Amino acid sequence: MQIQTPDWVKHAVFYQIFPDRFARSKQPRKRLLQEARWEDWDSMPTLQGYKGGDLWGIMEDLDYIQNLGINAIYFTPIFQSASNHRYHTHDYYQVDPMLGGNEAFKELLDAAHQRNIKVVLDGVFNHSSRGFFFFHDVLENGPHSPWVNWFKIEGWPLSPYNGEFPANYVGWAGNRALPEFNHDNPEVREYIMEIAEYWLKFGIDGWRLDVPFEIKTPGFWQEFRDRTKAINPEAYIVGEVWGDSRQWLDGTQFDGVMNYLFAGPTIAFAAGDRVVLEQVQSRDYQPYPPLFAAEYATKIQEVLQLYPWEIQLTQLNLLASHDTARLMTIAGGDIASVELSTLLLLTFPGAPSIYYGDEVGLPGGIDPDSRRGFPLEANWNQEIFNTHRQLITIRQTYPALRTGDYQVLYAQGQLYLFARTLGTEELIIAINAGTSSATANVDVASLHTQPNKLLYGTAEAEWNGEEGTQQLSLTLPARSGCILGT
């Protein structure tokens, strides 16, 4: 049948958050031991003064979030794991008892929902942790464990914690702290499908699929989509696949991916040489080498004619992630690069994703730590913030920028002009990557109207001419962008 994808995804702006570093709620909070005397409280140091952020924090700062204009939050992993290994799941059926509750998370959901803000969670199903119950059993019962056929065991004896031995079991990427599941095993596919159903029933609006391309068992993700959509047909299934994702985007598996194929070129064009190159997560995307308008267009037109349009409309566009360096940093502090990128990001077909912190001045190293991931402390970057908040209002104002088509009008030198059009609403977006005020004459025979009014980026160039096969000429300051409408 027709390929379908959640229609709310198609009009959402996403905000990716890292719970442990985003926000910490006000003091009155029973952290690990709920049923605890407030008189004995100080007796327990861990709970007395806990630093890192929690789910109360996020919930306590929904005002901010909803004010930026974002209407769907999706985190990293928040399920119980090692204090600082969120990705080494210990228990999938419990939100971690430091940063969060199964009681806390519940309040965050409810809260979010009464504001029409969806919430997607990160599912890590390719591998768990040494602590994960069934693996634990194996470690404790060696050859006799009932679920030895649940993992990838080479031989015995295993050596889970001792480095200078073989552990005879496959990790994620040859790691012994990330025991890989044996997805071929029916029992396993089942246990996983249930975790997905459990949280959907709990009330989440979708799953973020982590390294989903590792799970190669045939028929897996189709089932994942059936059992999921069955519980909530409006659930969002996003895969965190790096490159070409056509394998999963045929309409019977994921609704979309985190579109790094869009992140690479956009930054390569908008920042060019300015890209630090040291913060480049070369694994995830290729923001390099620098691109010219003509090249950017070819690459984007390619990316665009890659997936069924229904899915392109529910693709998660981005420029940063927990896995990558922050935007402000990858551009070496170049505010221009930061405003030009976003502009493309918020005017591209699909769901735009904003990594918490980027809507303000906040930098972010690639390497482990980081950091700093409390947005607010202010001393914000008000301008880049206003750029973010302004562009988001606009995108939510003109439907074309969400589900209109994408047509390249001009793309020469360092100047790029495309058009988003839905119905009789046509918009012209122009980016001037160059350092010299640029100007271009374009034969706009495609359009049926004449976008004359500056939404956003303050052109001086415009002139716009007759209606016999119309005739346009733009002039934008160096390193500027703009949106033309009306």
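Numbers for residues come from their place in the sequence shown, where the first is 1.
- Note on 357-365 vs 105-113: mean CA B-factor is higher in 357-365.
- Looking at mean Cα B-factors across 6-14 and 472-480, the upper value is held by 472-480.
- Taking the deposited Cα B-factors for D405, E194, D96, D273, the highest one is held by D273.
- Comparing the listed residues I335, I73, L316, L158, the entry records the largest Cα B-factor for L158.
- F165: CA B factor lies in the highest third for its chain, per the PDB record.
- Sort the modelled residues of the chain by CA B factor and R86 lands in the middle third.
- In this PDB entry, the Cα temperature factor of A430 sits in the bottom third of its chain's modelled residues, the lowest group.
- Split the chain's modelled residues into thirds by C-alpha temperature factor. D226 is in the middle one.
- Sorting the modelled residues of the chain by their CA temperature factor places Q281 in the middle third.
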